[PDB]
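What follows is a set of notes on a single structure, which appears directly below.
There are 2 protein chains.
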Amino acid sequence: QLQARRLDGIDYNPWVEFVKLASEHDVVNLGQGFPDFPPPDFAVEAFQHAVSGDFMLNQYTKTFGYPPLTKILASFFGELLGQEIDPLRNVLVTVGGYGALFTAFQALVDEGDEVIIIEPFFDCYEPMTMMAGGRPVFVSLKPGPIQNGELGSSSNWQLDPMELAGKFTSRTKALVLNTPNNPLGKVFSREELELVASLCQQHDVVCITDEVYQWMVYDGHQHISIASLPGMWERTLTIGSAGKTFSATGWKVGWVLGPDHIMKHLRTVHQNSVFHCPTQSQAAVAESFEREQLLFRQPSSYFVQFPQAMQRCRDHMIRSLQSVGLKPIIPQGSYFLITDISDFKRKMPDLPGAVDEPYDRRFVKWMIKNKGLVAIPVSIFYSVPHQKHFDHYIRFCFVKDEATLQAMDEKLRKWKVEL
Amino acid sequence: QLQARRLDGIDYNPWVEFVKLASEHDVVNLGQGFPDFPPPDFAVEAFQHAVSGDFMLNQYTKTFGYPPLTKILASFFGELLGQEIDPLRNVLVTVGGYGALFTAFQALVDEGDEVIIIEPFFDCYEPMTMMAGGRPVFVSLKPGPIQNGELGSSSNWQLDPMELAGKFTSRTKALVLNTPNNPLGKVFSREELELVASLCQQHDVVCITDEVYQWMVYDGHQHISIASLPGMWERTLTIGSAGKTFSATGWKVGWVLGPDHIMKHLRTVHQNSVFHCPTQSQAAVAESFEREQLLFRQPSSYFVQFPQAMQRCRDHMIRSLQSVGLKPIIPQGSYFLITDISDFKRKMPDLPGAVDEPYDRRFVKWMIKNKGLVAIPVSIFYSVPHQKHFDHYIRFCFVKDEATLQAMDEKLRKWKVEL
Ligand code: NA
Ligand code: NA
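See the structure below:
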């Protein structure tokens, strides 16, 4: 073959097809995992300032990050983590959370290593492990049993201590923790994080912790960073995303925070891949964090206002989707909620599709074509052997304009009353 | 061990030391490979327009490129290459030329593959080959005969056919071509490209061609793209950089052009690493290319005016550097020229440095600290076994403001009085 063997089995991109099918129908697109409204004015203004300020901002900045950005990341997150963070040794600016994840896998995961992944998982964790020669090892959150009185909560999806412990071996290099979780919206508790911490310390494993949804927490639930737990800083890489923080997904700026003895290897990958991140977006992100640090916990702060606003959008969507028999699982965080479609699988078992195509994928195509609503089938966030079991959930994104939620309700009205 | 074996031998970054030392002294920085004056107005205005326009430009764009950008790249470079280019199948937008190179190496280079690299080489080609499991194989340009008191020319650094042919084996996967070359400023001739093309076809080898300095050509020399030669489109990946095209290195936008059967593998790497490139800089680059396509070959176009202006800066620097006994090699393209320091090595051999330290590295440190001028030791663009033999050149960048060149002359006049 022409191509490298590291690419085996990772060429299929579900997202390219998802975008394709939605674009051919008249839809309310609740599949897109980004806002369809503007970022806050201070963020847009920050980028405007960066592209109209010191003309030298048009030229290269420092390899490991624009210094004013690494300074504020170290200060702001050092406070939150209860850790002294050196900007030069403990911070790397990357091309989004995606680039940060990729850099961590390529630095640490080697042929034969195992990587523990928690289902449902942000889908790239599996192919990134594979491309680095690692063997993914899956542990499944166990859905809470639902009574048809009250809706389930993401919090009730359990990480079984015995099942998790049994996944660790001498070959475990890393465990990937995503909290708040996409697609499920689970916000991991202190007790759950202490379990993960205990096993990572026992087995000398690195925890790669994807915290992009840090600020998107609801119902009084608190984001806890595993790197803040005793002894965890020295074995944790913590990842963030400016796009998910400031509702500006197209900025594609992210970072990794961690101890020098691990970070040095990520710096090695960085300097031998992209070398620099763009200068001006970094300046915009630095200015945006400065604004939020100055207004920390205050009523006008984005980190106070925005999750409150999005909690209302969540509640609106939860009520609306029930009108057609979808069963939401209330998320404690993230942009997302999932709905159980088991009643549809029961009443409408035979949908067109390919052999061994999970029901949810077939259902989403049906719903797009017939009802004009887009969701993402949750089976894409499962290992292939588990897709036959976890085939009855779909993911919706509620971080949407009020007009979009109105349009959703119009589709639901038609679904209920027409034909 | 903690880190992946793919990182072996690639952790050392010479650029961090160079940048650090220069920041610690009063200097005219001719080591920085980027302009110290603004990008052209139309380019800065394009970015301003992108960050103040359609608010949805703040959110994710398409994975393989912002469609207006891939459209104009395909149209414009299609015309330049004499090639029908499909924007969806033949174009990938990347995080600069660096990201483009990285994507190519990770898609195609596998364990045990040989990659032919031409010395002097842009330094990342070697470690990128190594991280992909490849074995770098070096062919060395031969500096031309030092003639009748005249300065050397980059054109006369020869690519010996018998040497090059001897480097091709059944294990050769790719050859990396950089034209115009950094650091040398050589613009490869049609004959030289035909030599490379003939061997790539004979041995069924892919040519990765780094053409970031495409527009920076002088003295009537023409940039020829190897992908435009008969039979080469099907085996060539052509790389460019928006930063080097529009004098905006901090934008970090690049691209790869090539046939689908190769590009599909680069897309696999892309979707499993960064996933998206930032939206708004892509919009700026698209607008900038649209401007230049409309004015193509006209006197008011940047691609005509800018290299003409920079040729004047080149000529100024060539004259000035000779005043202290540095011997420039006249470049036909790129931002750079190199000067022979052999007369200094001979008359001043005993500069402080480590036991094995190439003379040029020692000379640059002495020049920074004592003469107030920064250059880059050319030995960093050689394989380690060859560094002791090519230790007598340093690289200057002439793409500088009038004021900077005046400042250079002030340093040089002070040096001359103390030769
Ligand atoms: Na262990
Ligand atoms: Na061959």
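Going down the list, the protein sequences come from chains A and B. Residues in the first sequence are numbered from 4 upward in steps of one, following UniProt numbering. Residues in the second sequence are numbered from 4 upward in steps of one, following UniProt numbering. Note that the Cβ used here is the ideal one computed from N, Cα and C, for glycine as well.
*Span of the alpha helix (DSSP H) holding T248 (chain B)?*
245-248
*Closest by C-alpha distance to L180 (chain B), when choosing among B:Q205, B:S143, B:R174, B:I149*: B:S143
_CB contact check: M131 (chain A) to chain B, cutoff 8 Å_ = yes
*asked:* I believe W418 (chain B) touches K374 (chain B) by the beta-carbon criterion, under 8 Å. Please report the beta-carbon distance rounded to the nearest angstrom.
replied: 5 Å
_Just verifying my parser: in three-state terms, what is the DSSP assignment at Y128 (chain B)?_
helix
*Consider the C-beta atom of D207 (chain A) and the heavy atoms of ligand 1; say whether any pair is separated by less than 7 Å.*
yes
*Relative to the C-alpha of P186 (chain B), which residue among B:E405, B:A378, B:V19, B:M411 is closest?*
B:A378
*Is it the case that the Cβ atoms of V277 (chain A) and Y101 (chain B) are separated by a distance below 8 Å?*
yes
_Could you check whether the Cβ of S228 (chain B) sits closer than 7 Å to any heavy atom belonging to ligand 1?_
no
_Chain-ordered neighbours of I13 (chain B) on chain A, where CB pairs are closer than 7 Å_ = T271, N275
*asked:* On the DSSP bridge list, what partners appear for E117 (chain A)?
replied: A:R138, A:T175
*Could you list which residues in chain A have their beta carbon closer than 8 Å to that of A110 (chain B), in chain order?*
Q6, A7, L10
*Go through its chain and collect everything with a Cβ distance to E87 (chain B)'s Cβ below 7 Å, but skip five positions before and after it.*
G81
*asked:* Within the continuous alpha helix (DSSP H) that includes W160 (chain B), where are the two ends?
replied: Taken as a continuous stretch (DSSP letters only), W160 (chain B) belongs to no alpha helix (DSSP H), as it is neither H nor E.
*So, does the CB of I333 (chain A) fall closer than 8 Å to a CB anywhere in chain B?*
no
*For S386 (chain A), does the three-state DSSP call read helix, strand or coil?*
coil
*Just the Cα atoms here: how many angstroms apart are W254 (chain B) and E295 (chain B)?*
18 Å
*asked:* Please determine whether the Cβ atom of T239 (chain A) lies at a distance below 7 Å from any heavy atom of ligand 1.
replied: no
*Counting pairs of beta carbons, one from the segment 398-410 of chain B and one from the segment 319-336 of chain B, are three or more of them closer than 8 Å?*
yes
*Counting contacts by CB-CB distance shorter than 8 Å, is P38 (chain B) in contact with chain A?*
yes
*asked:* Rounding to the nearest angstrom, what Cα-Cα distance links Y221 (chain B) and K74 (chain B) in this structure?
replied: 29 Å
*What is the residue span of the alpha helix (DSSP H) that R92 (chain B) lies within?*
Premise fails: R92 (chain B) is in no alpha helix (DSSP H) and is neither H nor E.
*Rounded straight-line distance, which links the Cα of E166 (chain A) to that of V54 (chain B)*: 48 Å
*Range of the contiguous alpha helix (DSSP H) that encloses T73 (chain A)*: 70-84
*Indicate whether at least one CB of chain A lies closer than 8 Å to the CB of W218 (chain B).*
no
_Considering Cα atoms alone, identify which of A:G234, A:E214, A:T175, A:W218 is closest to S201 (chain A)._
A:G234
*asked:* Let's test the definition: count the other Cβ atoms within 10 Å of the Cβ of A49 (chain B) and tell me whether it reaches 16, buried, or not, exposed.
replied: buried
*Quick one: which chain E residues come within Cβ less than 9 Å of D113 (chain A)?*
No chain E appears in this structure, whose protein chains are A and B.
*asked:* If we define contact as Cβ-Cβ less than 8 Å, is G68 (chain A) a contact residue for chain B?
replied: no
*Report the residues of the segment 230-257 of chain A with a CB closer than 7 Å to any CB of chain B, ordered along the chain.*
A251, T252, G253, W254, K255
*For the segment 116-127 of chain A against the segment 289-307 of chain A, are there 3 or more C-beta pairs whose distance is under 8 Å?*
no
*What in chain B is Cβ-close to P139 (chain A), meaning under 9 Å?*
Those within 9 Å of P139 (chain A) in chain B number zero; the least Cβ separation is about 13 Å.
*Could you tell me the boundaries of the alpha helix (DSSP H) in which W236 (chain A) lies?*
Per DSSP, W236 (chain A) belongs to no alpha helix (DSSP H) and is neither H nor E.
*Based on the DSSP secondary-structure assignment, which residues constitute the bridge partners of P331 (chain A)?*
A:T342
_Taking 7 Å as the limit between beta carbons, can you name the residues of its chain near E237 (chain A), skipping five residues before and five after?_
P262
_Below 9 Å on C-beta distance, what does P186 (chain B) contact in chain A?_
What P186 (chain B) touches in chain A: nothing, since even the nearest Cβ is about 16 Å away.
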